[PDB]
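Single chain ahead, written as structure tokens, the form deposited in one PDB entry.
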């Protein structure tokens, strides 16, 4: 290329979707291996614990729990099985109460630009798209999100 820059480029994946379930509920689907292997239908290994390891997509997506707040928010790493060495993304999820639904505010920063698109493309497809249908925490009709 024309521009010269050292290191690897990255991007941010800010996804804000709502769920037709209470925080405490979704608070498990993300902190419960089993629940994960349900919406992922693939060999997933989740360990609810500060520093634990969460694997999904048949061992294609792994990470590590950095912070865990009571039905409040969750901060962990996110990456693919084809990502560079020691290269993860800091993802900080948040569960909000809307009196029936839960607004999951995902904030990922550090996703490889080269895999940026791919990431987001195959991020919710399993994260939400999977649960929304699996557990039935999805809505219908067009919204002004």
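Positions refer to the first chain, counted from 1.
Another form exists, solved in complex with a small molecule; not displayed. Remarks below refer to it.
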Partner-proximal stretch of 64 to 72, 37 to 45, 23 to 31, 99 to 107 relative to the small molecule in the bound PDB entry, 4.5 angstroms, heavy atom: 37 to 45
Contact flag, residue 126 vs the small molecule in the bound PDB entry, heavy atom cut 4.5 Å: yes
Residue 90, heavy atom within 4.5 angstroms of the small molecule in the bound PDB entry: no
is_contact(residue 60, the small molecule) in the bound PDB entry, heavy atom dist at most 4.5 Å: yes
Contact of residue 53 with the small molecule in the bound PDB entry (heavy atom, 4.5 Å): no
